[PDB]
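# Architecture at a glance
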Amino acid sequence: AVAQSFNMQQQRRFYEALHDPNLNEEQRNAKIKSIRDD
């Protein structure tokens, strides 16, 4: 969540959001394009 190294620090978040079939591939995609874009 707003890390100064959002690849090394932020990785588990992206994994969790990606591995979430409940969220359809648009809302799921928005989560990905938010965890980075913050």
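- Structure determination for this entry is recorded as solution NMR.

## Focus: the overall build of the chain
- Helix and strand content of the chain: two helices and zero strands.
- Here the C-alpha coordinates of the chain stretch approximately 30 × 15 × 10 Å along the principal axes.
- Among the 38 residues that make up the chain, the fraction classed as buried is 18%.
- Of the accessible surface of the chain, which amounts to about 3,300 Å², a share of 49% is contributed by carbon and sulfur atoms.
- Positive and negative charge centroids in the chain, built from 6 and 6 side chains respectively, lie 5 Å apart.

## Some words on the side chain of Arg 28
- Examined against the element boundaries, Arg 28 turns out to sit in helix α2 (residues 27-35).
- A polar side-chain atom of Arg 28 sits 3.3 Å from the main-chain carbonyl oxygen of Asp 20.
- Side-chain polar atoms of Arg 28 contact the side chain of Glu 25, separated by 3.5 Å.
- With residues near it in sequence (within four places) discarded, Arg 28 still touches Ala 17, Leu 18, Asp 20, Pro 21 and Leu 23.

## Examining the pattern of salt bridges
- Counted according to the given criterion, the structure contains three salt bridges.
- Residue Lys 31 is joined to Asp 20 by a salt bridge in which the shortest nitrogen-to-oxygen separation is 3.2 Å. Taken together, the residues span a long stretch of sequence, with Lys 31 in helix α2 and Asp 20 in the loop between α1 (12-18) and α2 at a distance of eleven residues.
- Among the residues examined, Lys 31 registers a relative accessible area of 33% and is labelled partly exposed.
- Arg 28 is the salt-bridge partner of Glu 25, the closest N and O atoms lying 3.5 Å from each other.
- Residue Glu 25 is classed as exposed on the basis of its relative accessible area of 66%.
- Classification of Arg 28 as buried rests on a relative accessible area of 16%.

What counts, and at which threshold
Residues numbered from 1 in each chain as written, not as in the entry; some residues may be left out. Heavy atoms only, no water. Helix = DSSP H or I, 4+ residues; strand = E, 2+ residues; numbered from the N terminus. Buried < 20%, exposed > 50% of the residue type's maximum accessible area, 1.4 Å probe, protein only. Areas by Shrake-Rupley, 256 points an atom, 1.4 Å probe, with all protein chains shown as cover. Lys, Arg positive; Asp, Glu negative; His and termini not counted. Charge placed at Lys NZ, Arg CZ, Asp CG, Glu CD. Polar contact = N/O pair within 3.5 Å; in protein donor to acceptor, adjacent residues only side chain to side chain. Contact = heavy atoms within 4.5 Å. Salt bridge = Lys/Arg side-chain N within 4 Å of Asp/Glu carboxyl O.

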